[PDB]
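A.B. asks: Build me a model from this:
(7 chains, ligands or ions: 1)
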Amino acid sequence: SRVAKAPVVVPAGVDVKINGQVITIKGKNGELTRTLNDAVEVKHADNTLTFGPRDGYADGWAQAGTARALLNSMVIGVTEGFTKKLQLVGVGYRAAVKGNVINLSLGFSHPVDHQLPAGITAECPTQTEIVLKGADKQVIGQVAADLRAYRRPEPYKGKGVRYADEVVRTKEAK
Amino acid sequence: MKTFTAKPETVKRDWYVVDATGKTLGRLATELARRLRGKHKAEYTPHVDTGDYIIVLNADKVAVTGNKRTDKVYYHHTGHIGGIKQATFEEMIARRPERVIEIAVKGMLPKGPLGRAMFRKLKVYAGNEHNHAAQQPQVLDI
Amino acid sequence: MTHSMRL
Amino acid sequence: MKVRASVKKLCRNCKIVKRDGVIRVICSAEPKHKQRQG
Amino acid sequence: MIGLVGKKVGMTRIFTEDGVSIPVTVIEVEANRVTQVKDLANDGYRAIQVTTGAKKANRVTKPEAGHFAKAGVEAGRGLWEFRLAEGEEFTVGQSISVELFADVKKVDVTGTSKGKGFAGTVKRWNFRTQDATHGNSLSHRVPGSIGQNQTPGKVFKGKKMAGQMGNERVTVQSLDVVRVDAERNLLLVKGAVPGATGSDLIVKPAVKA
RNA sequence: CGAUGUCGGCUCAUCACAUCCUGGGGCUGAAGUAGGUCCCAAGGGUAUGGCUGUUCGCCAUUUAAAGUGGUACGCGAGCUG
RNA sequence: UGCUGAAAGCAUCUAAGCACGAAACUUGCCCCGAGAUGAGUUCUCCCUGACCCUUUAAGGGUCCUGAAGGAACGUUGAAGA
Ligand SMILES: CC[C@H]1OC(=O)[C@H](C)[C@@H](O[C@H]2C[C@@](C)(OC)[C@@H](O)[C@H](C)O2)[C@H](C)[C@@H](O[C@@H]2O[C@H](C)C[C@H](N(C)C)[C@H]2O)[C@](C)(O)C[C@@H](C)C(=O)[C@H](C)[C@@H](O)[C@]1(C)O
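C.D. replies: Residues are numbered from 1 along each chain as shown, chains lettered A, B, ... in the order given. What follows is the structure:
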């Protein structure tokens, strides 16, 4: 509603082509597409797409706001792209990167091999610092969630894979 | 006088082909059972099979409203130690698509030998094609 | 002999 | 967590959500106030 | 890959030079000639059909005579099929000897087990014999109780009772091959395979790897 | 009431789940080890003896564990008595 | 347990969408199984004669031929009441 009644300013190499209910976008970083819901209406007046509720359906405004939000961060990803920073707190934890397959050494007994999607690239400046660079926000967020879910943060030492400036509350060991 | 009765040698049966794509399950099944018993013909007889042969194409694409695609459970019992087997609508559509249509129609038919014969009239396929092209199946839309 | 009997 | 028939706001930061058709209470400030089934 | 059909020829033991003795079953694996090849054009599934051995020319009926003389092979006893798992192509009349089992390490042997006849519940289902003394009356190796009472009111299906024991198809899995003789067309496997001596065995490579 | 044979033991079971073990998780006044408590889960498993007619119980010694109930307090045209 | 995400400018595992997640469920292993009357498929083999009658019918009868195969019999079997 308040989200959906605000059009999205689409900048710099827009390529926002429509096919029925499908939105395809080429951009600076790449190309992202999605099939939208059937209760939403998109329109390409005034250089910038506007979202209305389609007739007949009950849930119009929430679907339209969800559509506006996903297309907004989607076209933001095709403009400049999303990044995610993970760090490894804890001794014996190294995170060397081999191309498209991250090889974590979280010290279970064996290495951890992690195949990436076709989109997100990964870089390590130091050995406790993974930086994911990808356009599609859900895929980089999902792969950061998988990499954290290999080994969670510990509430006693702070040991584990964690997000960058996310604060972990460590209870002291009684 | 006596009322008219049909005779099983002179009843003249038609062939129909029904595309079951994108339709509701039980509405289609009710129309199928009505056509199978013969209640659409004027010379209806309750002990003579009057109905027609129906070829139901595309049993894969049948639809169910609500959350029945994941939660309509089919129960059947193997007649054994304590094995009550069960399968939802999704794995029944994937594993054995024609069984959904045949179960829905067989629940709607009379029980007895006449109902089993009028169920043998029904021929359910999951593809778009059938091998019954030698009987000229007319399109029965519903 | 009261073994089968309900006594 | 606490599976209960009565879920209430124990804390200032716990919000009441309805996930998967069940009523749950999430406190982001402490995990002892997490509860279910209300 | 496919299995081969052989014959159970006794049991012996071989002595490894380390000192260990291992019991082997010797399987005479004769030349298996492929009679008919199934493919998914006509049949819907792909397979091969093999035969082995020999039969009397007067003991062969004209149906199986014509079926053998259709494609290149000679009369053996029995016909068997093998299911060709993804990537084998065999011409009819192709002799298949025991070199594929010279490569392999574990094996599955399928045979018809020895028929123990009408057996009781003690022999068939390892039931516990009741008391031999302390009062017992005509009920030493009887099966006990077979059901509860009025509430089921019936015996359950699959209740273990007496009946035919033996004489059925049994597969034994993961038997180690210890030696393959190609000039004798023999196969030594470790352990015991189902059947009497001289019974026909089916030898497939192991699936539970 | 012109008859529906009891308690216990033996033999054979079968189901429920309100789970004893195994398996999966949340919280912990959870450092680890080991627990407590709650949620999911019924595939498989789930002692031997002494005493007692005993079920039960106590006890000795194990076990991963020594589940709780229904089935005419399952089961005598199957046995015992 | 999550990711993205509004409804509800925030927040939110959820309404749209996406991913994980157990000895339970469906497969994978093994055995039975086309009486699966919805009685399936594949290959091979065997039959290539004349006439009359009547309610000229998916009809009866007569002579001549009995084919593949089967059964019977016998010797029997680590098969079997
Ligand atoms: C030789 C064979 C004899 O039977 C037995 O010895 C058995 C072993 C008795 O049990 C003997 C021994 C014993 C201990 O039961 C085993 C004892 O309790 C009874 C009273 O007598 C029987 C069966 C008794 O029945 C029982 O009578 C009970 C009153 C009720 C019971 N019913 C509820 C189920 C019923 O079956 C009873 C009365 O003798 C049956 C009547 C018909 C007879 O007299 C007949 C002629 C018998 O003598 C007999 C068949 O020749």
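
A.B. asks: Point to the residue nearest the middle of the chain.
C.D. replies: All of this is about chain A. What sits nearest the mean C-alpha location of chain A, by Cα atoms, centre = their mean, is residue A:137, with 2.2 Å.

A.B. asks: oops, I was thinking of chain E
C.D. replies: By Cα atoms, centre = their mean, the mean C-alpha position of chain E lies nearest to residue E:111, the distance being 1.7 Å.

A.B. asks: would that one count as being in a helix?
C.D. replies: No - counting by DSSP: H, G, I helix; E, B strand; the rest coil, one finds residue E:111 to be strand, located in no helix.

A.B. asks: Show me which residues of chain E are close to chain B?
C.D. replies: Within chain E, the positions lying close to chain B (Cβ under 8 Å from any Cβ of the partner chain) are E:156-158. Quick note: C-beta positions are derived from backbone N, CA and C, even for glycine.

A.B. asks: sorry, back to before: give me the distance between the residue nearest to the centre of chain E and residue E:203.
C.D. replies: Applying Cβ to Cβ, to the nearest Å, one obtains 10 Å for the distance of residue E:111 from residue E:203.

A.B. asks: do residue A:156 as well
C.D. replies: Residue A:156 sits 59 Å away from residue E:203, going by Cβ to Cβ.

A.B. asks: In terms of neighbours, single out the busier of the two.
C.D. replies: In this view residue A:156 and residue E:203 are compared by other Cβ atoms under 10 Å in any protein chain shown, and residue E:203 has more residues nearby, 25 against 11.

A.B. asks: Tell me the strands beside whatever helix or strand the more buried one lives in, with direction?
C.D. replies: With secondary structure defined by DSSP states H and E, residue E:203 is part of strand E:200-205. Strand pairing for strand E:200-205, determined by DSSP bridges: strand E:4-15 (antiparallel), strand E:106-112 (antiparallel).

A.B. asks: who wins for proximity to residue A:165 among those strands?
C.D. replies: For residue A:165, the closest of the strands paired with strand E:200-205 is strand E:106-112, at 55.5 Å, according to Cβ to Cβ.

A.B. asks: next SSE after the closest one?
C.D. replies: Toward the C-terminal end, the helix or strand that comes next after strand E:106-112 (DSSP H and E) is strand E:117-119.

A.B. asks: returning to that earlier point: and among the strands paired with strand E:200-205, the most buried is which?
C.D. replies: For the strands paired with strand E:200-205, ranked by mean neighbour count under the definition mean count of other Cβ atoms under 10 Å in any protein chain shown, the leader is strand E:106-112 at a mean of 20.

A.B. asks: Test my guess that residue D:24 contacts residue D:3.
C.D. replies: No - counting by Cβ atoms under 8 Å, residue D:24 sits too far from residue D:3 to count as a contact (10.4 Å).

A.B. asks: Now residue E:97. Nearest residue, chain neighbours left out?
C.D. replies: In space, residue E:97 comes closest to residue E:31 once its chain neighbours are excluded; the distance is 5.7 Å by Cβ to Cβ, 6 or more residues apart in numbering or on different chains.

A.B. asks: That neighbour and residue E:94 touch, don't they?
C.D. replies: No - contact between residue E:31 and residue E:94 fails when scored by Cβ under 8 Å: they sit 9.9 Å apart.

A.B. asks: hang on, the earlier thing: could I have the CA atoms of the strand holding residue E:203 written out in PDB?
C.D. replies: Listed next in PDB are the C-alpha coordinates belonging to strand E:200-205 (Å, rounded to 0.1, in the frame of the first residue of the first chain):
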ATOM      1  CA  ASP E 200      22.000 -74.000 -11.600                       C
ATOM      2  CA  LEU E 201      23.200 -70.700 -10.100                       C
ATOM      3  CA  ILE E 202      23.000 -67.100 -11.400                       C
ATOM      4  CA  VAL E 203      26.100 -65.100 -10.700                       C
ATOM      5  CA  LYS E 204      25.700 -61.300 -10.900                       C
ATOM      6  CA  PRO E 205      28.200 -58.600  -9.800                       C
END
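
A.B. asks: so who does residue E:112 touch?
C.D. replies: With contacts taken as Cβ atoms under 8 Å, 6 or more residues apart in numbering or on different chains, residue E:112 has the following neighbours: E:167-170, E:194-195, E:199-200.

A.B. asks: Next one: it from residue E:8, what distance?
C.D. replies: From residue E:112 over to residue E:8 the distance is 10 Å, taken as Cβ to Cβ.

A.B. asks: what do the two both touch?
C.D. replies: A shared contact of residue E:112 and residue E:8, defined by Cβ under 8 Å, 6+ apart, is any residue touching both; here these are E:195, E:199-200.

A.B. asks: contacting residues for residue 128?
C.D. replies: Just so you know, I chose chain A. Residues in contact with residue A:128, defined by Cβ under 8 Å, 6+ apart, are A:87-89, A:93-95.

A.B. asks: The chain in question should be chain E.
C.D. replies: Residues in contact with residue E:128 (Cβ under 8 Å, 6+ apart) are residue E:122.

A.B. asks: What residues does chain B have near the ligand?
C.D. replies: Residues of chain B found near the ligand (Cβ under 6 Å from any ligand atom): none.
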